[PDB]
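Below is one structure; the comments refer to it alone.
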Protein chains: 2
Amino acid sequence: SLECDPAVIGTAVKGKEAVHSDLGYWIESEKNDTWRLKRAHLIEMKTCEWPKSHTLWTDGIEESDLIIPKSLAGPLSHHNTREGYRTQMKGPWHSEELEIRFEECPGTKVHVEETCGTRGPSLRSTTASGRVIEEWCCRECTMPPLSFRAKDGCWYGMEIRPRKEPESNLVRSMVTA
Amino acid sequence: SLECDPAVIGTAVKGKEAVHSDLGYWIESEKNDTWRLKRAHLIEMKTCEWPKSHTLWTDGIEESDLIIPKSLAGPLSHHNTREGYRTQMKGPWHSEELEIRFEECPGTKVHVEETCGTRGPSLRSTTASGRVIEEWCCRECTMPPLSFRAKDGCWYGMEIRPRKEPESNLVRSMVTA
């Protein structure tokens, strides 16, 4: 009952490339030493549960490791994972159209530093004034960095914080999955 | 090492049908009340383990519920199951080309009755003399019966035994997975 409509789901693997898809989601994974989320295009967020019947590699998964949360129809799959990242409960899920993308936001740099702040809600790379924040960090995430390409610009994964900018003056997601 | 070559596996679900495939195996499943094995065509048998990365719905399976054995590259999947049947360790895996089909062998009928004998090595529907054995049973399997279509004719799943003919005068599989 809680389950997404399986009549319009399409999942396929061949070789080193895979996709979980439905009417609104296109979730690409790839084999690069290990299986990992490669990119996703999300058209309209929904709250149903992606059925395991239409999911690749559903066993041995920590729910907290899924990039796209279970509650937002994230596949319960090793294909919906990425080393150094956990579930993006507070991603910019308000955006109508979203791209999850492993690349630095334009004009920004991310450093891996134990000194960084902890994961909080996704921050956008530009202030409300429109100023680009150049330096970011994460404590133990992997490069290239998880980023979200949205209607209002580029947002960073929960792991990724401004390196010196005070978290106060930035735009943050008020969604919680 | 133990694992089948993934560069060649193609697995896909759309709606109520799925297929796990590679160079030699074509394994179809369907949603019909539950997800179940529908048919399989196996060009040549092999002994490797089908990787879970290329497998749908891999969690909470007991291995002895998988129809095609794990050791014969059977996918560790709820799509490789069928109610009333367990792992066909002693199927007629010697046959070249081979088709798993849920249908009575020609000229034969199968009765579900607890008085049947217990499961054993797969038996062919024709004696060595070429004579069709009409009446078969199984203790608690489901219809249509699990059968194998091979080069030398039609074989039955391990659960399906001759009703009255004394199994001694029949062709058994000499194969164990």
Inset, instruction - Could you rank the peptides B:77-86, B:7-16 by their average count of other C-beta atoms within 10 Å per residue, with the highest value first? - result: B:77-86, B:7-16
Legend entry - Debye-sum result for the range B:61-121 in log10 I(q)/I(0), which assumes one identical scatterer on each alpha carbon, at q = 0.27 Å⁻¹: -1.32
Legend entry - Cut-off under 5 Å, modelled amide H: who pairs with residue B:25 long-range: B:43
Inset, instruction - Hey, can you grab everything whose amide H is under 5 Å from the amide H of residue A:38? Only 5+ residues off in sequence or another chain; H modelled, so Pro and N-termini drop out. - result: A:28, A:29, A:30
Inset, instruction - Indicate, rounded to the nearest 5 percent, the antiparallel portion of the DSSP beta bridges found entirely in the protein assembly as shown. - result: 90 percent
Legend entry - Shortest-first nm distances, residue B:135 label point to equivalent points in other copies (7 Å, Cα→Cβ): 8.9
Legend entry - HN-Hα J in Hz across the range B:19-25 - Karplus 6.51, -1.76, 1.60, θ = phi - 60°, x for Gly and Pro: 8, 9, 9, 8, 5, x, 10
Legend entry - Charge dipole (the protein assembly as shown, unit charges on Cβ, about Cα centre) - positive-most of A:106, A:48, B:58: A:106
Legend entry - Percent RCO, i.e. relative contact order, over the range B:114-177, from Cα pairs under 8 Å lying at least 6 residues apart: 45 percent
Legend entry - Spread of Cα-to-Cα distances over 20 Å intervals beginning at zero, given as percent, for the protein assembly as shown: 28, 42, 22, 8, 0
Inset, instruction - Quick one: with label points 7 Å out along Cα→Cβ, list the inter-copy distances for residue B:176 in nm, shortest first? - result: 5.8
Inset, instruction - Note down the relative contact order for chain B as a percent, whole number, built from C-alpha pairs under 8 angstrom at least six residues apart. - result: 19 percent
Legend entry - Copy-to-copy label separations for residue A:16, where each label sits 7 Å from Cα toward Cβ, in nm and ascending: 3.8
Inset, instruction - State, as an integer percentage, the relative contact order of the range A:1-106 based on alpha-carbon contacts under 8 Å between residues 6 or more apart. - result: 24 percent
Inset, instruction - Please state the charge dipole magnitude for chain A, taken about the Cα centre, from unit charges on C-beta atoms (+1 on K and R, -1 on D and E), reported in debye and rounded to the nearest 20. - result: 280 debye
Legend entry - Cα centroid of the range B:143-159 to Cα centroid of the range B:45-66, whole Å: 22 Å
Legend entry - Counting DSSP beta bridges with both ends in the range B:61-167, the antiparallel % (nearest 5): 75 percent
Legend entry - In Å, descending, principal axis extents of the Cα set of the range A:45-177: 45, 31, 21
Legend entry - Shielding by other protein chains, B:47-53, mean Cβ within 10 Å: 3
Legend entry - Shielding score for A:8-16, defined as the mean number of other chain Cβ atoms within 10 Å: 6
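A quick note on method: Cβ atoms are made from the backbone with ideal geometry, for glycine too, and the neighbour counts reach across all protein chains shown. Throughout, read-outs are computed from the coordinates displayed, never taken from laboratory work.
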